[PDB]
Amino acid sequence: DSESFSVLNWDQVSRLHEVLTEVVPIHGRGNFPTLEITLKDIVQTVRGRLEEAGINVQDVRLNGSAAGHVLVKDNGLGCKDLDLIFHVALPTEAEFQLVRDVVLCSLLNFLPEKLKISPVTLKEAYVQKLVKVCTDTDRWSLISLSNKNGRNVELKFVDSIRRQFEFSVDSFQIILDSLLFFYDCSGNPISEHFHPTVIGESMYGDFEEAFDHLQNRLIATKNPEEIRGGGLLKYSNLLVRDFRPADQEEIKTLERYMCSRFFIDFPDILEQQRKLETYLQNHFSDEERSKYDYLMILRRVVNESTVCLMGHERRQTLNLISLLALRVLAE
């Protein structure tokens, strides 16, 4: 109900406007130039061309750390990743290809003025990753832009997705539809005296409770059973950023559960290595000290919250953590 929603104030709406209008460079591989895009322009292009092609855009939302930064300035979670969500129905395969073609066309809008241009070519030049699932329980397409700039622009087109786990401070989404309608129809720039009503939502459950957690830098969750192997990595990211567990005397039980879930999802040691290496690159680029501190946090949780039955997995994972941290110190 309304307990998960909240109305943004001018301070939050203003920072939302800066995030959507910030010029973000998108690195181009090869002879391709860097695209200077804004979240506002790419949303308007994608949503316009989607609805023009028969795909109704139910709503557009800002997700991730950016949504947290709009609610609380400099909360400690950073502002690298710009995550966008497009609630669109994807019944058949043709809708999935249409979503890709519209995104690649949106990149063509920012391409300045000799190169060969095509959908296959634009994907190679600017799309960092493109994952796609198409089952009865999950139907969503994700397109990420090149992150050699340092920032991660993710375009997530969700039809239906079973709820993913995140802590309170990472569960904020900002519905942009009222502000996008304002961008198209306003004759004056957005101001304190004239600005639309922007709504934020916490997928955690209670906005005020989650908002208080972000204001006091607290680690909390109400659905621990939905935690999978990645939960240990999200929890360690909050710890390295000076977020304290909001419920002491309970974190020991939660840390043990997160280590067990980590080992169940990643039994192979070579699988844990590739998961950490890609995690250290997509979260702590140009932050070698943060790479070391994150691994040392991860070592402390694994060393103190792994049961006696899994001593093999504990020693094996602790050794991998040390060798990854040693390679950071070796450079």
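One rule holds for the numbers: they count along the sequence shown, beginning at 1.
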*How much of the deposited sequence is absent from the coordinates between residue 113 and residue 114: none, 1 to 3, 4 to 9, or 10 or more residues?*
1 to 3
*On average, are the C-alpha B-factors higher in 230-238 or in 121-129?*
121-129
*Per the PDB record, is the mean Cα temperature factor higher over 197-205 or over 132-140?*
132-140
*Top Cα B factor in the deposited entry, candidates 45, 303, 34, 56*: 34
*asked:* According to the Cα B-factor stored in this entry, which of the following is highest: 168, 173, 260, 92?
replied: 92
*Ranked C-alpha temperature factor of residue 267 among modelled chain residues, by third*: middle
*B-factor third for the C-alpha atom of residue 278 within its chain*: middle
*Please place residue 98 in the lowest, middle or highest third of its chain by C-alpha B factor as given in the entry.*
highest
_Third of the chain's Cα B-factor distribution that residue 177 belongs to, per the entry_ = lowest
_Please say which third, lowest, middle or highest, residue 29 falls into when its CA temperature factor is compared across its chain._
highest
